[PDB]
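[1] let me give you the complex in parts, starting here:
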Amino acid sequence: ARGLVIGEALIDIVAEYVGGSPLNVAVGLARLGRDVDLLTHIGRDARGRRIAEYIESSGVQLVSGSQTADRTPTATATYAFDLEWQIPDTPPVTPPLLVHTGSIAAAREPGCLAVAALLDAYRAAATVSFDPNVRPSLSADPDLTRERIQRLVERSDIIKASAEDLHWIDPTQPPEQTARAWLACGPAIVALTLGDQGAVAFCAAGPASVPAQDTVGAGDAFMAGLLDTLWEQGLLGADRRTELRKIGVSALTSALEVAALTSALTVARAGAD
Amino acid sequence: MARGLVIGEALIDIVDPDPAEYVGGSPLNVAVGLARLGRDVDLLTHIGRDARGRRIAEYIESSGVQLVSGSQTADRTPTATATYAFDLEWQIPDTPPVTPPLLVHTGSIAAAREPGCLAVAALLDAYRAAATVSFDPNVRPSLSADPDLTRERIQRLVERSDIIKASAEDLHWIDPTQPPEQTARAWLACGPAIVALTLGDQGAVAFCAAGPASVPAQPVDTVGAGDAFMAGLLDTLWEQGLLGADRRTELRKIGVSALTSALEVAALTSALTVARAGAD
Amino acid sequence: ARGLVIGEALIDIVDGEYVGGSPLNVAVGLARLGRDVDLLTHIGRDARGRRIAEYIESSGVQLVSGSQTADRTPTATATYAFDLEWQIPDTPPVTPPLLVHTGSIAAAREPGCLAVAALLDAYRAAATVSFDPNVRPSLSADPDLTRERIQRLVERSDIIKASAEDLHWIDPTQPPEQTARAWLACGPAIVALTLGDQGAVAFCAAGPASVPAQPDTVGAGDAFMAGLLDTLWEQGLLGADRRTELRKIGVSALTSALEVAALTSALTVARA
Amino acid sequence: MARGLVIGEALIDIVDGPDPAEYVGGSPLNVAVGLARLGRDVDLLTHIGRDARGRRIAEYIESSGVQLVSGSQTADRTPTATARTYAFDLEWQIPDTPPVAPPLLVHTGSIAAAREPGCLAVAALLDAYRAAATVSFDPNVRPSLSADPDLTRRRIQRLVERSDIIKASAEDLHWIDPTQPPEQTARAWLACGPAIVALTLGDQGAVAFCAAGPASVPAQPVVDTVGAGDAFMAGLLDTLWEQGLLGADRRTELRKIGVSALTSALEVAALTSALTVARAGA
């Protein structure tokens, strides 16, 4: 029962904090009590040391080859990015129960090709989950990254996205339209957060929703709570792919509720301080 | 007094806690719901001459619904067991002994299950010179029947209906690639006067030529509540004087305001049916 | 730095007399919020026209010359029946406005609607163009002509506001948000859509915005429009000089303008 | 004494254009006529009118040696299919229980297998006859789709499960599943209960599958493809009849047919079809 997360860890400079949407998911799952491996790309500099200690002090096992970057990637607040995404293409862990990726790691060369490869590798053993987490302020080529997202959708079992992500993906369509088009491409579950309007999700059995419950990391905490409940329902792992697709509306609604409340609790505990 | 006709399944729900058996079938609930609101209603169904069949008949009679002659020819009264397995035959006489009704309602299993569904389609055609036609697809989650044939059959009933009510779940099953409101608006364009769409704890919406209508959600079974919504909707359009073939043009011209009131009455009838049963 | 409103002004006649007209209400709403506004219309030289003229001057709106030529002042009678003509000079006597707004009957009714469409193209060089279809089909016309004219105004507009009822009548086969997003992709920077007690939504390149509800039917719709134009004005996004900054409006800025518009409309209702 | 029963449409094919013409047609009718011409005794249950076209059809049926089943002539008017653009004027209905002794073989396919209301009665007749009869089926979707462009695949798949012998074209199976080569679909059909699934590949010959393995036959050097496919079907059924594999009594032997016996059935079917075409040349 191990999870594998592949994606960027970085430093958010406003003062500086440890960030990266794939890192937040990894640390979110571990805080919830799961065994998580994190393949990433940080430095051996002061930042990459603070990142590695933040990872270590969270229970997330840092996969070897993750500290090979020249400089530790940074996001300086509308965001300015100085980052390189590249990871060893060799499968570094015993095949996990779950492989999760998204954000910059899924769409940025040269790591994005290895990630899609690695995803293709572990897919026969692991459930694939993905969060596009569109950060347009990072470089560009909108068509390439729009196309790479669409190809990861086609490879994925579980998808979570925000209405803002899907509006970037296709402004001509309501985000529910886009999410339903994504479900038709293969996934068992497409979850859609709607900010002040709550969250909805779609599976073959039907739509689910949770009502209205904007700070950094709320989306990744939602994703972690989603994967953790699906894990707890016994639907992760390729062994359980066929019943992931068959999840009932009541189960999905309850996974959605837990993910929405997990995200809200992470916000409220961060607002207390 | 003008009469309503409901055509559709009556069955026993066998709930496998403390095993119990309940009278059910969505068209039966609609017939019973219309009768309890004070309407005269006939039900054409397919049950057996057996223990369960005689109970359905007694429960039908108790609430004021008249059973149409020829409804009792099944070898065994249909049942549904909750892993939600069905033991159901659906068949009806091609030419039932019924004088022209003001309203004919069908839906659910009766609308899509062979061989009775063919006669259901034909009877809607024959009755619509006198009767308003209403339709509730109410896809039964088991819905063991072939998906594509079911979609085709539902679509042919849409084209023959004046009033349609469906849930968001219904329409997602009909077409998972579109939001339910898209499907409902495509249904309205095929001839109905009104397509109503229930949205769970988000209330209900409805569409007519004049425009959209909306009702916010209220504060036990979802399909039982759905059938009381349907009976409330038809009873209130009945009261507004819009039922009957002779009123079909006025029904198609219903105002957004009249439609909104029909929707409020429907949503309150349904919530009140739940609240009263929940207090036992 | 003035705004120009082009549209009908009429008297609303109840079943069994009030100063009306969707464009006139937007002009008065803008005048009431402190903006200098010119209104070009078609009110007759008769008792009804004088009341409209006094109402306009009291509000602070300046009537445009050549707008008082109507053969008979147009009238709206409640259902609604219209005794109305709509005619405007090919070329109004006004310096280039910062903003030109039209809609409703003026956009669709001949012959005046033909000048409107040309004036909007000519004004875009100086003016933000705003449009509110505010469908009134009780004044009959070829329905596909009406739809064709509306679509061409959409293509020449920077700001559109419409009701779910309007877009239902425009295309009953689509949900109104689909129509609104299709309109947005035809040039406009902002399409705002009111949904009744479900609030309002608006779309721009940056993303969607929304405000919830409960915070006169078209009376309140026109005041929503005035409040929307006034806040965008105050945000410094009006004028051809600011068109690219309008098209880049942020979801936060658009949410703010939606809120001010919703509150402006509610406050107009509540005060009267 | 043993008799075959064919259930399916007889119709008039109208060619509207250069030298317009009216032909007797209907793929199940062709199969019945083809079996009678090969010497078999055959009843045809169908749905034609007592109008001018209906009498032409009935005369063509009797001249071929096919016996028209009673109840076959209650149509308000004889079905037609017009190629102007394809237009059908066709009703398909049959009595629930026809006046026929238990046949050795019951064949259906094409429009009659898929068109309401008659297709319901067809599917129940197959279930009732299989205790005495081998069941054969030819989906022949091209005319079906021309008639019902929204036709659904489930109608066909229900008949697959009821059948002992299936013949289809690559074009048929591509429509059933365009994502897979037609041989994939044929092998999936085989695993649902048939003893034999034969697949014609046009100018590449034909293949077939049974439990014992695959068989194949090369293309003929030499079009009325529907017509040629029906003679192929008639020749396949006639030669399995000859080999003593028809009848419920022979069903286990039919499932056990050897690759060699299946290959010979296919050659005879292929040659029967080619010979039927060549004799139409003159």
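    Yes, it's here. Numbering: from 1, shown residues only, chains lettered A, B, ... in the order given.

[2] now do the contacts for residue A:110.
    Neighbouring residues of residue A:110 by CB atoms under 8 Å, 6 or more residues apart in numbering or on different chains: A:85-86. For the C-beta atoms, the positions are set from N, CA and C on the backbone; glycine is no exception.

[3] so what's the backbone phi/psi at it?
    phi -90, psi -10 (degrees, to the nearest 10).

[4] distance-wise, check the residue of the stretch 101-250 of chain A found nearest chain D relative to chain C.
    For the stretch 101-250 of chain A, the residue closest to chain D is residue A:186, as judged by CB to the nearest CB, at 13.7 Å. Residue A:186 sits 25 Å away from chain C, going by CB to the nearest CB, to the nearest Å.

[5] and for that residue, the neighbour number?
    Around residue A:186 there are 14 other residues, counting by other CB atoms under 10 Å in any protein chain shown.

[6] which SS state does it fall under?
    With DSSP: H, G, I helix; E, B strand; the rest coil as the basis, residue A:186 sits in coil.

[7] cool, residue A:120 as well?
    On the basis of three-state DSSP, residue A:120 is classed as helix.

[8] now do the one 4 residues further on
    Secondary structure for residue A:124, judged by three-state DSSP, is coil.

[9] was I right about it contacting residue A:241?
    No: if you go by CB atoms under 8 Å, residue A:124 and residue A:241 don't touch, sitting 9.5 Å apart.

[10] what's the separation between the nearest residue to the residue of the stretch 101-250 of chain A closest to chain D once chain neighbours are set aside and residue A:185?
    Leaving aside its chain neighbours, residue A:186 sits nearest to residue A:154 (5.5 Å; criterion: CB to CB, 6 or more residues apart in numbering or on different chains). Relative to residue A:185, residue A:154 is positioned 5 Å away (CB to CB, to the nearest Å).

[11] chain E comes next; put it on the structure above:
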Amino acid sequence: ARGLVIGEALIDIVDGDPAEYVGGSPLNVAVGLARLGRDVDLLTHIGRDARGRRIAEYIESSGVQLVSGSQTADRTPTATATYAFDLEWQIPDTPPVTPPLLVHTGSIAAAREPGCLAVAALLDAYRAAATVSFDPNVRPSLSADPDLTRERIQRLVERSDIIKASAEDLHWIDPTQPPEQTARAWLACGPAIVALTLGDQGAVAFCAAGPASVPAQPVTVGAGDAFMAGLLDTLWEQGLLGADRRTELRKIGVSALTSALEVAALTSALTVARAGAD
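    This next block brings in chain E, placed alongside the chains you saw above:
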């Protein structure tokens, strides 16, 4: 009504005092279409050296109009005999011609930086007016990240109306599946037609209406490009090119597609036969 071909023009140098020939797979398709009577523009990347003057003369002789901005290369590209490339592929991303009826690309122009980014842009700029056709014609010997190459092929597959590939192309794209399966899967991404040549076994093609096949022809370099020109030329003649006919192209019947395959196979075989003559 003009076609526009976008792709590499190079010189093939034989293994050996080795001879040189004007080549490049998209070049060959443009020349092929011209020789069949169509008006064709070719956007390419050649030098003003002597090898580039030879290509230009060949283009000129063949009836093909060379597209402005095609002579910018620092050197004319070369392939030498497996093959070894001294090749740069860079082209203006600005639409250089009035929207054509057909835009065709493939081979190295499709998958090689930087010009492949421009190819995708020009295809996107012209698709509302032009049919898009594409032949992957993989040349793996040209050193490149194999997964980046696969990605860029896929993004052209999603843009295309007409695809032709060899069994060997699709094997290199996906070794695990029969080429017929990769072709059916490509047909699912948007194309109207995915044609597949199978060497000594003939050719097959797939559309929404069904598969088509043509037998093996009784009869090496550039036969595939001649097949592509013959396929596009017949579809041209059948009236299915141009975005205004895109709906009709997807509706192509098996019989029409079969005719197109036959003409394509005969055009390929005739181009080989005339080469063995000379």
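
[12] same question on the contacts of residue A:110, but now with chain E added
    With contact taken as CB under 8 Å, 6+ apart, residue A:110 is in contact with A:85-86, E:145.

[13] repeat that for 6 Å
    For residue A:110, the contact set (CB atoms under 6 Å, 6 or more residues apart in numbering or on different chains) comprises residue A:86.

[14] with the one 5 residues further on instead?
    Applying CB under 6 Å, 6+ apart to residue A:115 gives the contacts A:6, A:101, A:105.

[15] possible to save those as JSON lines with neighbour count?
    Shown next, in JSON lines, are the contacts of residue A:115 (neighbours: other CB atoms under 10 Å in any protein chain shown):
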{"residue": "A:6", "neighbour count": "27"}
{"residue": "A:101", "neighbour count": "28"}
{"residue": "A:105", "neighbour count": "25"}
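
[16] can you name the residue of chain A nearest to chain E?
    For chain A, CB to the nearest CB, closest residue to chain E: residue A:113, 4.7 Å.

[17] what is the neighbour count of that residue?
    Residues near residue A:113, counting by other CB under 10 Å, number 19.

[18] again with residue A:143
    Neighbours of residue A:143 using other CB under 10 Å come to 13.

[19] kindly report the same for the one 3 residues further on.
    When counting by other CB under 10 Å, one arrives at 15 neighbours for residue A:146.

[20] for it, which non-adjacent residue is closest in space?
    Of all residues not flanking residue A:146 in the chain, residue A:169 sits nearest, at 6.3 Å (CB to CB, 6+ apart).

[21] contacting residues for the residue in chain A positioned nearest to chain B?
    Proximity of chain A to chain B (CB to the nearest CB) peaks at residue A:206, 4.8 Å away. Taking CB under 6 Å, 6+ apart, we find residue A:206 in contact with A:249, B:169, B:172.

[22] throw chain F onto that model:
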Amino acid sequence: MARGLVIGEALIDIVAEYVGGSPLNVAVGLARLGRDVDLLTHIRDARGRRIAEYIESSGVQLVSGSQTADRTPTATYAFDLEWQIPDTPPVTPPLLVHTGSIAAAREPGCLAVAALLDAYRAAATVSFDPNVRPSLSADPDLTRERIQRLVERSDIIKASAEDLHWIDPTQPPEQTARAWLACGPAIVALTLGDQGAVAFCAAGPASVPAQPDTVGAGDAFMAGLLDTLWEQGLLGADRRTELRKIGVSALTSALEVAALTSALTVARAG
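    Chain F now in position relative to the chains above:
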């Protein structure tokens, strides 16, 4: 120096009795093509000395411990046969070990066969021909399992469309073959009756058309395939990577030689 090793059954075919057994035919085929070959089998009576004489008159050498069979197994198909081999043969490391048919599937001997192939692969190319004969009653599920394990340890595999149909009737035989190629083998060859043969390797597929007949033809195809890969210099463990890298041109030549060897065997018979 380099010797081939065949492990499999040797049989009598009762029509009229003829020497049979598919591995014996491959071994005999290789000897008749000029290769040096040892045959390890299970065979001490008038039929054994019949087979043993056939084995030595064709040039094959029997491996000591072969003629331990109580009765030489029989095929009349009705199979009267037992299959047992020593866990470790007295054999120096071969360049090539070939097994198949009953020997790969029948207890007890089949359990040694699978480990023997794991031991020999440090020196030898491993080849396998399933040559399915279900008339020999056995739990098909384990039989299917034993065949799959052998596929995992094989470098060269040849099967008929009939073989792969019995393995998985629900797949086109080219699909089963291309899936077999994915578990290790460098080459999977598939004969298609009168449609010729196909073979799959990493560099791409090969094909040969049909040829204008016993299942000795299949065996003689296998002997021709092995013999021509031997000649191309691709057998032995130290050539295994060049075998995996066989080109389509070279694979096509091997298919052709194998098809023609098989054709020539049947023609030179009648």
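
[23] let's see the contacts of residue A:110 again after adding chain F.
    Counting by CB under 6 Å, 6+ apart, residue A:110 touches residue A:86.

[24] run the last query once more with 10 Å
    Contact analysis of residue A:110 by CB atoms under 10 Å, 6 or more residues apart in numbering or on different chains lists A:84-87, A:89, E:145, E:147-148.

[25] residue A:15 too?
    Contacts for residue A:15 were tallied using CB under 10 Å, 6+ apart; they are residue A:77.

[26] ok, now which ones touch residue A:61?
    A:2, A:4, A:26, A:30, A:35-38, A:55, A:93.

[27] which strand residues bridge it?
    The partner list for residue A:61 in beta bridges (DSSP bridges) reads residue A:37.

[28] out of the contacts of residue A:61, which end up buried?
    Neighbour-count burial (16 or more other CB atoms under 10 Å in any protein chain shown) applied to the contacts of residue A:61 gives A:4, A:26, A:30, A:36-38, A:55, A:93.

[29] residues touching residue A:194, list them.
    By CB under 10 Å, 6+ apart, the residues touching residue A:194 are A:162-164, A:175-176, A:200, A:209-212, C:208, C:210.

[30] buried only: go through these for me.
    For these, buried by 16+ other CB under 10 Å: A:162-164, A:175-176, A:200, A:209-210, C:208, C:210.

[31] tell me which two in these are the farthest apart.
    Greatest spatial distance in the buried ones among the contacts of residue A:194: A:210 and C:208, 19.5 Å, computed using CB to CB.

[32] hmm, residue A:11 is touching residue A:72, no?
    Yes: at 6.2 Å, residue A:11 counts as touching residue A:72 under the criterion of CB atoms under 10 Å.

[33] any residues in contact with both of the two?
    Joint contacts of residue A:11 and residue A:72 (CB under 10 Å, 6+ apart) are A:42-43, A:45-48, A:50-51.
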